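Visitor: Below you will find the structure I want to go over with you.
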Number of protein chains: 2
Amino acid sequence: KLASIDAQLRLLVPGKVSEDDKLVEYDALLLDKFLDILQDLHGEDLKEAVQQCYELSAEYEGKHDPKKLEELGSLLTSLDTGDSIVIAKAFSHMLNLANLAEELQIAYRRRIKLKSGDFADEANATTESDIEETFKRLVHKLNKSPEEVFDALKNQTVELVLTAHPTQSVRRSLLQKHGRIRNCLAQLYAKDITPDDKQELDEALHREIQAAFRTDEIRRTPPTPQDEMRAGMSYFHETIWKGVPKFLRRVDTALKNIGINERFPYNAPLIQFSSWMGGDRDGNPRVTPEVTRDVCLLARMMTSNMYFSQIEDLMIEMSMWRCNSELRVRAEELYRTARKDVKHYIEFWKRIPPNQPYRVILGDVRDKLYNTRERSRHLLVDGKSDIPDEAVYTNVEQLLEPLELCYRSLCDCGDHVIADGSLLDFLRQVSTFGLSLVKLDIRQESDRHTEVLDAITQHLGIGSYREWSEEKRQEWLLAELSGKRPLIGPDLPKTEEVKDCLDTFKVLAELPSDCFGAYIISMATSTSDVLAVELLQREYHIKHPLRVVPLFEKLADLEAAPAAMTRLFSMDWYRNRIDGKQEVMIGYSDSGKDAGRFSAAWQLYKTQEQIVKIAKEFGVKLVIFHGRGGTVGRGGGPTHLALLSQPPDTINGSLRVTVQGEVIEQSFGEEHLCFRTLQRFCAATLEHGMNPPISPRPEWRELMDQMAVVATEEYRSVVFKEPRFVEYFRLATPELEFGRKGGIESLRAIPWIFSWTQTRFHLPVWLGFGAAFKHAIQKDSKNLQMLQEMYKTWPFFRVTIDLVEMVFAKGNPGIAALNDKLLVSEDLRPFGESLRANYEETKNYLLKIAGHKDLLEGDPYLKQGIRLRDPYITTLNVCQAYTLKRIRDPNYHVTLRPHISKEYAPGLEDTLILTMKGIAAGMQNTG
Amino acid sequence: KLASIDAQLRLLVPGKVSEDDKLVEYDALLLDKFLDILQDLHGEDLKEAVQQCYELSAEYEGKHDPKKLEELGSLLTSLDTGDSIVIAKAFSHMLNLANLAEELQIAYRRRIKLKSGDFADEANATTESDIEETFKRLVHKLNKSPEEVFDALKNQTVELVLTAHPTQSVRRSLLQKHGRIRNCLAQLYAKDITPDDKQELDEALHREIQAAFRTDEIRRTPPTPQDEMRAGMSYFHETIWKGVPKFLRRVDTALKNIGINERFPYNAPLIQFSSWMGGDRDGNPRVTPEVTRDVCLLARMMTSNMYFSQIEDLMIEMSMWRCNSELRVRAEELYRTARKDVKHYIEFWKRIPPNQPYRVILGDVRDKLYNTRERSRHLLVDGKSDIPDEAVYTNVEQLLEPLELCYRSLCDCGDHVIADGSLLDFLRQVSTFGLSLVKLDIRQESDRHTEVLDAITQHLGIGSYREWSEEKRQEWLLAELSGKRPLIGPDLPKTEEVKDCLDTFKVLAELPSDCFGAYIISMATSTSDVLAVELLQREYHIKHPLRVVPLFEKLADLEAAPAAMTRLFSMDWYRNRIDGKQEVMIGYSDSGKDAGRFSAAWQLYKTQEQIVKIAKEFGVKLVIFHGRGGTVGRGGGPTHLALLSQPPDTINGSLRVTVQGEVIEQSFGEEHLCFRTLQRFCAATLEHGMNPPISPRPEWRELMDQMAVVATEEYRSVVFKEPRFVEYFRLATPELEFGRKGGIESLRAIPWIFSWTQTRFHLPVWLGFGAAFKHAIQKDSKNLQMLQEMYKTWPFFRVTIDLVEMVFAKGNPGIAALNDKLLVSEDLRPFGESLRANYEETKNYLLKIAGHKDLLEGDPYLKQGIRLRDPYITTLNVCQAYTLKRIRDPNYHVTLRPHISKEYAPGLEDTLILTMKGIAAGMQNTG
């Protein structure tokens with residue numbers, strides 16, 4: 001049964017099993033129970049077919065014999081649509097189980113007691129510094145006083161911006177099933193388990209696996225953006241909402257342990273969450289002003305609902321009858337004006353007596369939270385509400401105030417100790433999540449603002465903004481930014497795009513400012529791009545204009561950014577507007593699509609240095625907002641070192657980073673990982689501003705510059721100049737099929753990365769590194785040693801290589817070869833072959849530079865997790881390849897096996913969507 | 001710090017410490033943290049005074065030097081009222097902490113693997129049979145088939161009737177604090193605890209101890225009976241509500257393990273809870289018809305609220321989209337008639353779509369549960385409601401039905417496994433708690449019914465029921481039980497007592513029958529007593545009359561019970577009415593007040609035998625309802641053997657027992673104990689009907705009869721015939737003071753037991769055993785051996801002695817001597833001395849019969865718990881003794897120490913109430 005499955009799994013991953021290494025055991029137990037379920041639901045025959053696919057794939061992952069892929073292919077292409085769907089569902093579900101098991105292993109893996117002190121320790125969760133160890137290094141090694149460390153942390157802000165799962169927003173219900181599977185699993189391994197508890201936990205585990213597997217409706221319609229946002233907010237309930245105060249309490253403990261005798265102030269804004277879900281409309285016209293309004297109200301509804309749903313518990317605890325005057329007076333006020341009758345609440349449904357004074361205060365907070373929640377709900381569903389302003393909270397201060405009053409009163413009556421329990425936790429939740437637990441960024445591309453302004457200029461009869469030079473655009477924008485009359489009259493002609501863009505500003509002017517964060521400009525190139533958005537916000541008389549944040553994407557745009565920023569910072573109107581602060585966004589995957597990932601990485605390092613210097617010179621504080629695709633978006637320990645690798649002064653007390661949708665599950669799904677994620681963000685941010693990495697040696701810059709010219713040239717000659725690259729890309733990847741659910745340049749970065757990730761080839765991540773390495777080594781043999789010294793000694797270089805190496809570990813060029821054979825026409829097959837030759841050569845240079853014989857010999861726990869997933873992913877790759885063939889070629893047919901599954905009109909496109917989601921869930925983050 | 005406190009505590013309890021024995025450690029850690037809290041809240045000086053009281057008391061418990069009591073007395077009588085109150089609060093709170101620690105030790109104490117098979121194993125929680133071991137003994141040793149065991153359990157009923165805490169109903173808020181203290185404590189001892197988790201748990205433990213200590217308002221007013229009922233219902237939320245389905249699932253596992261391949265049916269009524277809170281008005285005119293109406297509505301409100309508060313969770317899980325026709329049709333019905341708009345619920349606030357069919361069904365159940373709850377709330381607060389019948393549940397079947405529909409649909413779609421998760425748990429909760437989680441018994445005394453009937457007869461002009469003989473009463477009652485016209489006209493004259501009794505019947509006629517259980521007749525003596533209540537219920541045309549249950553209290557009443565029952569069962573009207581079933585109540589403490597506990601125990605054994613035989617002869621099924629004071633009301637393992645000790649056929653598939661208010665905390669406060677309580681009730685009930693204890697040898701009956709004559713004579717000559725016993729009782733105990741917040745015969749059993757428990761003397765439990773033993777041994781030396789054989793071999797005798805021995809272990813005649821010296825006049829001090837001499841002699845005979853050198857050498861874990869509590873209780877006894885002196889003698893004064901406590905007009909009676917509650921919480925159950 002179990003032992004035999006353990007046996008097969010163990011062959012896949014040799015390693016040195018101590019007591020805390022249970023990952024293979026976990027996976028065996030889950031696969032075993034899932035196979036019983038499949039047999040039950042679908043029959044022994046189907047179960048055996050799954051087992052056979054698994055076996056062939058595991059054998060292929062052993063020796064990589066192409067024959068095993070062919071057999072696997074023969075089996076899978078012989079299945080009818082019904083059986084295909086069951087098999088893709090099965091293998092997708094096994095990937096999710098394996099991920100949950102891995103999360104449990106990471107959570108309980110033992111910490112290394114004596115850390116070597118090298119920066120490399122910060123790349124691995126077993127060795128990284130926790131917040132206290134970070135405090136102690138800063139005190140003992142950098143000679144900071146405890147007070148200086150405390151004071152910097154109090155002024156620090158970490159902002160985490162959640163973006164949508166590129167493929168599969170996981171619904172709340174299923175998430176909760178996944179959590180209970182993970183728990184049953186952990187409890188099965190609890191010390192001293194009685195046999196009956198074990199028997200019952202076992203049957204509970206079986207049941208939860210099945211419930212999750214059978215949560216599988218294939219819903220005709222794409223998910224609406226409102227549903228995608230709500231799905232994307234599920235992690236707050238599952239872990240983050242409680243996780244924040246647990247981490248802030250660990251900060252209190254750590255402070256205490258370095259001799260600071262106060263708690264971290266409950267209202268220091270150390271942690272802030274934001275979102276792009278319903279705010280980013282770049283290249284996405286489904287994101288309408290109505291969508292943006294709805295996700296603001298949803299965020300407000302959920303936030304007030306989360307406070308409301310925990311206030312009764314706090315009321316129960318706050319039974320104390322000793323209070324100070326201030327609160328006594330307020331309680332007697334509320335008590336006198338108090339309703340004689342039933343409130344339809346679970347717990348305190350009769351009038352609260354005045355000898356329960358804290359309950360009287362908190363009872364009023366509950367009524368306000370309830371009304372705040374209901375208003376938002378009526379605004380969403382009915383389009384408005386008769387609930388008035390003084391019945392709800394419109395600012396966070398109104399909510400904090402009575403809580404602070406409870407706190408002071410307890411402190412004044414001798415009960416400080418009690419105040420620092422749930423009350424303190426609640427205060428911290430209010431201060432972190434406010435009235436909208438995420439602030440929403442708006443994003444739209446620069447050309448849309450140009451178009452809007454052009455419609456205005458031409459209607460005014462003064463010419464065409466689009467025809468104007470950069471100087472003229474600046475001049476006219478600054479004149480109108482101090483203009484005395486509005487720009488927009490009621491008969492301005494508006495195309496649908498122009499209207500859609502203006503109406504977004506209208507929503508911004510109408511909704512409360514605490515709903516919003518930054519206004520990000522995609523494809524920004526110039527000063528005027530930023531002033532353009534400033535003028536539209538001024539025209540709509542927005543009381544608190546959103547800060548305007550350019551996103552410079554292409555290499556050329558990155559090179560022009562410094563002069564653009566310098567010109568902004570020189571303009572009095574703008575300096576006055578921004579009040580000493582500017583945020584700029586970089587997009588790793590964006591820049592990498594333009595120039596190759598190697599050159600984007602190096603150019604982004606340089607551009608950040610240059611912008612930081614320009615900000616200093618102008619006395620402006622700069623925040624760099626990290627978009628997706630960087631070493632800082634990996635999650636887990638690698639994020640810790642990535643943060644510490646940043647160029648000096650680029651953090652300076654304020655971190656803003658994207659948490660990519662495909663990473664959210666690993667970062668925040670399990671509560672220990674959620675805690676350790678918050679911790680490494682806060683610790684690294686703190687450390688970096690007081691302990692910058694080494695700046696590179698001049699020889700290293702020069703070689704980096706030389707390598708970038710070559711990397712870019714290789715990347716661009718393959719991707720942009722080879723006239724048949726596009727055609728090869730459309731055949732070898734599922735790119736076209738993903739898109740229906742101006743070349744690569746007008747293809748967006750997520751489909752670019754995603755399409756090549758699906759085939760296990762990952763061209764967007766590594767292409768260009770090979771030529772860079774080879775050219776450097778061949779120009780001068782000494783460069784091999786220089787590169788190895790950079791890997792060992794230069795944190796930027798180290799993390800940049802490690803991310804590529806992880807992506808190689810998820811790669812398998814045999815999958816791409818099978819796709820070439822099935823999908824690509826014969827005359828392009830040599831092209832596909834030469835790319836595979838570049839992959840191999842590039843991987844081998846990287847290995848040589850890293851000093852590794854094998855992929856990830858640095859990080860065997862990460863390699864182990866990747867290897868355990870591989871057979872499942874491989875089965876899905878093969879299923880997908882033959883599915884694409886059938887879909888593309890209505891005359892491709894094979895003899896079909898009699899239907900295998902029992903029960904007791906889905907098509908090919910349904911099977912495809914299942915493979916694509918499962919493969920993406922197994923690959924998680926790459927480029 | 002901790003070690004030194006461990007040292008002092010350890011001296012008090014020598015024993016053989018293995019790894020699972022942490023009780024002393026727990027108590028040290030709690031006392032240590034509490035002392036820091038006292039120092040904080042009240043100053044070092046006060047802390048030191050507490051410590052000093054503790055030390056003196058612990059020393060006195062060591063060697064029992066009277067000098068240590070005097071010093072303790074000198075210290076405590078020198079304190080002012082303020083400091084007294086703090087000290088009594090402190091020692092009360094320490095008792096509660098010690099009890100929580102003890103509960104944790106019992107929960108985690110290791111089970112003995114190889115049980116010796118002797119019945120004595122069933123007296124101890126480490127050795128008792130769990131439900132599977134009970135199944136296996138019945139199969140393997142009594143040759144029952146698995147099917148016969150399954151079938152008997154399916155037809156079995158266990159009913160547990162909750163009665164009010166005689167002294168201190170613990171409020172929900174404080175209960176929850178106690179639970180969190182207990183948890184912090186358990187988690188502090190979790191294997192592999194990180195130091196920061198330990199530091200944080202520590203600070204959490206400190207905080208919860210303090211929060212509990214500061215939940216201490218001294219509220220002028222007695223608690224209203226409605227508040228006492230609500231306090232008394234808190235255990236359902238804390239543990240029982242979840243505990244029931246956890247135990248029923250263990251039954252499923254156990255069945256499976258003996259080869260039965262189905263679950264225990266979800267609707268078999270195996271477990272039922274009932275209540276006397278707001279139903280018992282015997283000797284209590286504060287229990288009015290309005291009180292009874294309110295506690296019915298409260299029970300209905302809470303029950304529907306508990307289902308409502310867990311239905312959203314079940315809705316979340318029940319995301320499945322596969323359903324059968326039956327449920328599909330019902331879902332589309334509900335969906336079509338569905339409200340377009342906001343429901344003010346935490347989770348599913350928009351309209352539920354029809355592709356979530358289980359949520360549609362459960363959404364309707366939620367709305368009904370909500371309306372059912374709101375109706376009850378308006379009926380309580382406003383006096384009526386416009387909410388109509390078809391908007392709520394009026395019968396349990398209406399609630400079960402949609403749940404059963406969900407269950408069948410899952411089973412039919414292949415998801416039986418999922419159905420047997422939370423859905424099954426929910427079905428079982430509905431089937432066990434129904435629409436009123438407790439059914440309420442009414443109790444009133446026979447004379448009140450005589451009085452009501454007398455008012456009727458005289459108003460009718462036909463004479464005086466009270467003047468009528470038993471024969472005439474029977475005759476007239478049977479005639480009117482078939483009468484053709486009502487008895488009660490609108491001008492019937494009614495005193496307040498008569499009206500109060502008639503109006504109770506009116507409430508019974510108006511409220512739903514599922515609110516009520518039995519109508520218990522206190523002080524029942526005759527056939528006519530039972531027919532009297534039957535006639536009043538018929539007069540009020542009650543659609544489902546409550547079953548009428550006599551409580552025969554005195555020895556003479558017990559002796560007349562058989563002829564009374566025989567006459568009832570002979571009467572056609574009555575036989576027809578009861579439909580093959582009769583319940584009779586016995587009251588151990590009641591009978592023991594009349595005749596001494598020894599003779600009551602033996603007489604109750606005989607009367608139960610005799611009633612069982614008479615029931616058989618008449619083809620009636622008999623339930624014996626166990627009132628308080630018996631070996632079956634002990635709780636813990638001793639209850640298991642007590643149940644098995646019952647005379648043969650007195651259970652016969654239906655157990656009904658009182659869970660005494662002072663036992664509820666131990667039985668149901670901690671979740672493991674709650675589970676093991678439900679388990680031993682169900683296991684013992686099952687076993688007994690198939691495995692009766694040995695019936696006694698004739699020589700044993702005869703000696704028991706002889707011993708009873710002597711025991712009764714000694715008990716009655718002290719308690720009733722000594723003309724100064726009453727006067728001595730009023731001085732030596734706090735009986736009078738308890739009562740203000742016809743002799744002993746008209747004193748109620750709870751004040752009798754409670755008053756003597758307070759002084760640690762416990763006369764009501766042991767008096768009479770001494771003469772019985774001595775006379776038996778002196779009449780014939782062989783009787784010592786016969787008695788020892790009875791102890792070893794006869795379960796009744798064994799359990800009856802064990803309960804007395806436990807009470808001796810809680811006794812300390814030195815406390816009674818101090819009370820004599822402080823409170824009793826000089827001329828009665830020899831009387832008090834001679835009682836102490838009887839105590840000693842009685843204890844020593846008991847020890848000799850049990851074969852013990854020391855008290856409780858049988859049960860060292862129980863002795864350990866009692867000893868650890870003793871110093872706290874002793875401090876309270878002394879504080880109380882001097883308090884009573886001050887209260888009784890306005891010219892008793894002592895030099896008072898300058899006020900010791902800090903802060904940053906309570907009197908003597910407040911200090912007294914604190915001592916009385918703390919002493920009762922430390923003593924728990926005795927007689």
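Here's how to read the names in the structure tokens: chain A, B, ... by the order shown, residue numbers from 1 in each chain, ligand numbers from 1 in the order shown.
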Quick one: everything within 7 Å of residue A:87, counting only C-alpha atoms, minus sequence neighbours fewer than 4 positions away in the same chain. Send it as a list in words.

Guide: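 These residues fall inside the cut-off: residues 50, 83 and 91 of chain A.
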
Visitor: Can you write out the residues you just picked, keeping N, CA and C atoms, as a CSV table (one decimal), in the first residue's frame?

Guide:
```csv
chain,number,residue,atom,x,y,z
A,50,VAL,N,-4.2,6.1,-13.8
A,50,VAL,CA,-3.5,7.3,-13.2
A,50,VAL,C,-2.1,6.8,-12.7
A,83,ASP,N,-12.3,10.8,-20.0
A,83,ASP,CA,-11.1,10.3,-19.3
A,83,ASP,C,-10.0,11.2,-19.2
A,91,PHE,N,-4.1,14.8,-11.9
A,91,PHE,CA,-2.7,15.2,-11.7
A,91,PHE,C,-2.7,16.7,-11.2
```

Visitor: Find the residues in chain B near chain A: any atom within 6 Å counts, using only C-alpha atoms. Write them as a PyMOL selection string.

Guide: chain B and resi 173+207+215+316+320+414+417-418+904

Visitor: Which polymer residues have any atom within 12 Å of an atom of residue A:51, counting only C-alpha atoms, with same-chain residues fewer than 4 positions away left out, as a list in words?

Guide: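 That gives residues 5, 8, 31, 32, 34, 35, 36, 38, 39, 44, 45, 46, 47, 55, 56, 57, 58, 72, 75, 87, 90, 91, 94, 871, 872 and 875 of chain A.
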
Visitor: Write out as a list in words the set of residues from stretch 383-416 of chain B that DSSP, computed on the backbone, places in helix (DSSP H, G or I).

Guide: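 Taking stretch 383-416 of chain B and keeping helix (DSSP H, G or I) gives residues 389, 390, 391, 396, 397, 398, 399, 400, 401, 402, 403, 404, 405, 406, 407, 408, 409, 410, 411, 412 and 416 of chain B.
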
Visitor: How about saving the chosen residues, N, CA and C atoms kept, as a PDB file, in the first residue's frame?

Guide:
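Output below, filename again-v6.pdb:
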```
ATOM      1  N   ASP B 389     -45.660  31.471  12.509  1.00  0.00           N
ATOM      2  CA  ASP B 389     -45.219  30.090  12.570  1.00  0.00           C
ATOM      3  C   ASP B 389     -44.451  29.539  11.347  1.00  0.00           C
ATOM      4  N   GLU B 390     -44.800  29.932  10.156  1.00  0.00           N
ATOM      5  CA  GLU B 390     -44.159  29.271   9.023  1.00  0.00           C
ATOM      6  C   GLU B 390     -42.843  29.980   8.676  1.00  0.00           C
ATOM      7  N   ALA B 391     -42.541  31.071   9.358  1.00  0.00           N
ATOM      8  CA  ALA B 391     -41.232  31.650   9.258  1.00  0.00           C
ATOM      9  C   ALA B 391     -40.194  30.985  10.246  1.00  0.00           C
ATOM     10  N   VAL B 396     -38.765  19.722  15.523  1.00  0.00           N
ATOM     11  CA  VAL B 396     -37.414  19.439  15.200  1.00  0.00           C
ATOM     12  C   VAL B 396     -37.314  18.791  13.826  1.00  0.00           C
ATOM     13  N   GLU B 397     -38.394  18.140  13.415  1.00  0.00           N
ATOM     14  CA  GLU B 397     -38.466  17.412  12.178  1.00  0.00           C
ATOM     15  C   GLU B 397     -38.296  18.331  11.011  1.00  0.00           C
ATOM     16  N   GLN B 398     -38.814  19.557  11.160  1.00  0.00           N
ATOM     17  CA  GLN B 398     -38.740  20.571  10.125  1.00  0.00           C
ATOM     18  C   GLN B 398     -37.293  20.956   9.906  1.00  0.00           C
ATOM     19  N   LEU B 399     -36.489  20.888  10.950  1.00  0.00           N
ATOM     20  CA  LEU B 399     -35.049  21.235  10.815  1.00  0.00           C
ATOM     21  C   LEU B 399     -34.261  20.071  10.284  1.00  0.00           C
ATOM     22  N   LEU B 400     -34.571  18.863  10.761  1.00  0.00           N
ATOM     23  CA  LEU B 400     -33.835  17.672  10.299  1.00  0.00           C
ATOM     24  C   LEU B 400     -34.021  17.444   8.804  1.00  0.00           C
ATOM     25  N   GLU B 401     -35.228  17.704   8.334  1.00  0.00           N
ATOM     26  CA  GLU B 401     -35.588  17.324   6.989  1.00  0.00           C
ATOM     27  C   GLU B 401     -34.620  17.864   5.903  1.00  0.00           C
ATOM     28  N   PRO B 402     -34.406  19.176   5.820  1.00  0.00           N
ATOM     29  CA  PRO B 402     -33.478  19.627   4.796  1.00  0.00           C
ATOM     30  C   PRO B 402     -32.066  19.111   5.004  1.00  0.00           C
ATOM     31  N   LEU B 403     -31.665  18.887   6.246  1.00  0.00           N
ATOM     32  CA  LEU B 403     -30.319  18.347   6.496  1.00  0.00           C
ATOM     33  C   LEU B 403     -30.193  16.911   5.944  1.00  0.00           C
ATOM     34  N   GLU B 404     -31.265  16.134   6.147  1.00  0.00           N
ATOM     35  CA  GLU B 404     -31.329  14.762   5.666  1.00  0.00           C
ATOM     36  C   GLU B 404     -31.342  14.747   4.165  1.00  0.00           C
ATOM     37  N   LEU B 405     -32.063  15.684   3.574  1.00  0.00           N
ATOM     38  CA  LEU B 405     -32.036  15.854   2.153  1.00  0.00           C
ATOM     39  C   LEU B 405     -30.598  16.112   1.627  1.00  0.00           C
ATOM     40  N   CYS B 406     -29.857  17.016   2.287  1.00  0.00           N
ATOM     41  CA  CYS B 406     -28.445  17.261   1.906  1.00  0.00           C
ATOM     42  C   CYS B 406     -27.671  15.942   1.963  1.00  0.00           C
ATOM     43  N   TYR B 407     -27.900  15.163   3.022  1.00  0.00           N
ATOM     44  CA  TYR B 407     -27.187  13.903   3.294  1.00  0.00           C
ATOM     45  C   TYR B 407     -27.442  12.867   2.209  1.00  0.00           C
ATOM     46  N   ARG B 408     -28.688  12.676   1.859  1.00  0.00           N
ATOM     47  CA  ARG B 408     -29.059  11.678   0.857  1.00  0.00           C
ATOM     48  C   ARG B 408     -28.492  12.081  -0.448  1.00  0.00           C
ATOM     49  N   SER B 409     -28.579  13.371  -0.787  1.00  0.00           N
ATOM     50  CA  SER B 409     -28.094  13.858  -2.079  1.00  0.00           C
ATOM     51  C   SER B 409     -26.595  13.617  -2.234  1.00  0.00           C
ATOM     52  N   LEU B 410     -25.829  13.858  -1.177  1.00  0.00           N
ATOM     53  CA  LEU B 410     -24.406  13.592  -1.238  1.00  0.00           C
ATOM     54  C   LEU B 410     -24.146  12.104  -1.422  1.00  0.00           C
ATOM     55  N   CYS B 411     -24.867  11.273  -0.674  1.00  0.00           N
ATOM     56  CA  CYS B 411     -24.721   9.834  -0.757  1.00  0.00           C
ATOM     57  C   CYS B 411     -25.036   9.390  -2.193  1.00  0.00           C
ATOM     58  N   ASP B 412     -26.163   9.847  -2.749  1.00  0.00           N
ATOM     59  CA  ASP B 412     -26.584   9.476  -4.125  1.00  0.00           C
ATOM     60  C   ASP B 412     -25.640   9.941  -5.199  1.00  0.00           C
ATOM     61  N   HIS B 416     -20.800   9.917  -0.115  1.00  0.00           N
ATOM     62  CA  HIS B 416     -21.139   9.457   1.253  1.00  0.00           C
ATOM     63  C   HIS B 416     -20.079   9.934   2.230  1.00  0.00           C
TER      64      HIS B 416
END
```

Visitor: Which neighbours of residue A:566 fall inside 10 Å, counting only C-alpha atoms, when residues of the same chain fewer than 3 positions from it are skipped, and could you give them as a list in words?

Guide: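 Non-adjacent residues within range: residues 527, 561, 562, 563, 569, 570, 571, 611, 614, 615, 617 and 618 of chain A.
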
Visitor: Export N, CA and C atoms of the chosen residues as a PDB file, in the first residue's frame?

Guide:
```pdb
ATOM      1  N   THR A 527       8.831  63.260 -18.724  1.00  0.00           N
ATOM      2  CA  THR A 527       8.292  64.197 -17.773  1.00  0.00           C
ATOM      3  C   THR A 527       6.809  64.450 -18.026  1.00  0.00           C
ATOM      4  N   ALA A 561      15.104  57.739 -18.091  1.00  0.00           N
ATOM      5  CA  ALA A 561      14.439  58.080 -16.828  1.00  0.00           C
ATOM      6  C   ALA A 561      15.151  59.148 -16.017  1.00  0.00           C
ATOM      7  N   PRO A 562      16.475  59.064 -15.909  1.00  0.00           N
ATOM      8  CA  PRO A 562      17.124  60.083 -15.040  1.00  0.00           C
ATOM      9  C   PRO A 562      16.870  61.507 -15.476  1.00  0.00           C
ATOM     10  N   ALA A 563      16.995  61.822 -16.765  1.00  0.00           N
ATOM     11  CA  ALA A 563      16.682  63.192 -17.189  1.00  0.00           C
ATOM     12  C   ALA A 563      15.208  63.510 -16.986  1.00  0.00           C
ATOM     13  N   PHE A 569      11.822  67.186 -10.986  1.00  0.00           N
ATOM     14  CA  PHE A 569      12.207  67.665  -9.682  1.00  0.00           C
ATOM     15  C   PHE A 569      12.659  69.145  -9.758  1.00  0.00           C
ATOM     16  N   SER A 570      13.025  69.634 -10.936  1.00  0.00           N
ATOM     17  CA  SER A 570      13.350  71.013 -11.173  1.00  0.00           C
ATOM     18  C   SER A 570      12.167  71.942 -11.257  1.00  0.00           C
ATOM     19  N   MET A 571      10.951  71.426 -11.405  1.00  0.00           N
ATOM     20  CA  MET A 571       9.773  72.247 -11.706  1.00  0.00           C
ATOM     21  C   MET A 571       9.130  72.590 -10.395  1.00  0.00           C
ATOM     22  N   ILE A 611      18.888  57.094 -10.052  1.00  0.00           N
ATOM     23  CA  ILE A 611      17.704  57.840  -9.491  1.00  0.00           C
ATOM     24  C   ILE A 611      17.817  58.190  -8.010  1.00  0.00           C
ATOM     25  N   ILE A 614      20.001  61.307  -7.860  1.00  0.00           N
ATOM     26  CA  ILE A 614      19.242  62.483  -8.252  1.00  0.00           C
ATOM     27  C   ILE A 614      18.217  62.911  -7.213  1.00  0.00           C
ATOM     28  N   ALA A 615      17.508  61.954  -6.623  1.00  0.00           N
ATOM     29  CA  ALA A 615      16.621  62.308  -5.518  1.00  0.00           C
ATOM     30  C   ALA A 615      17.336  63.003  -4.372  1.00  0.00           C
ATOM     31  N   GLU A 617      20.080  64.726  -4.375  1.00  0.00           N
ATOM     32  CA  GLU A 617      20.501  66.039  -4.796  1.00  0.00           C
ATOM     33  C   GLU A 617      19.353  67.004  -4.702  1.00  0.00           C
ATOM     34  N   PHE A 618      18.121  66.566  -5.020  1.00  0.00           N
ATOM     35  CA  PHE A 618      16.958  67.476  -4.985  1.00  0.00           C
ATOM     36  C   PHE A 618      16.251  67.440  -3.633  1.00  0.00           C
TER      37      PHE A 618
END
```

Visitor: Need to verify the contact set: stretch 886-891 of chain B, 8 Å, only C-alpha atoms, exclusion of same-chain residues closer than 4 positions in sequence. Can you return it as a PDB file with N, CA and C atoms, in the first residue's frame?

Guide:
```
ATOM      1  N   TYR B 882     -13.422  33.682  61.960  1.00  0.00           N
ATOM      2  CA  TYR B 882     -13.304  34.945  62.679  1.00  0.00           C
ATOM      3  C   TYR B 882     -14.261  35.979  62.100  1.00  0.00           C
ATOM      4  N   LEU B 908     -18.310  42.935  56.259  1.00  0.00           N
ATOM      5  CA  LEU B 908     -18.099  41.607  56.749  1.00  0.00           C
ATOM      6  C   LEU B 908     -18.908  40.623  55.975  1.00  0.00           C
ATOM      7  N   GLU B 909     -20.112  40.983  55.566  1.00  0.00           N
ATOM      8  CA  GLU B 909     -20.946  39.988  54.901  1.00  0.00           C
ATOM      9  C   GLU B 909     -20.321  39.641  53.517  1.00  0.00           C
TER      10      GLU B 909
END
```
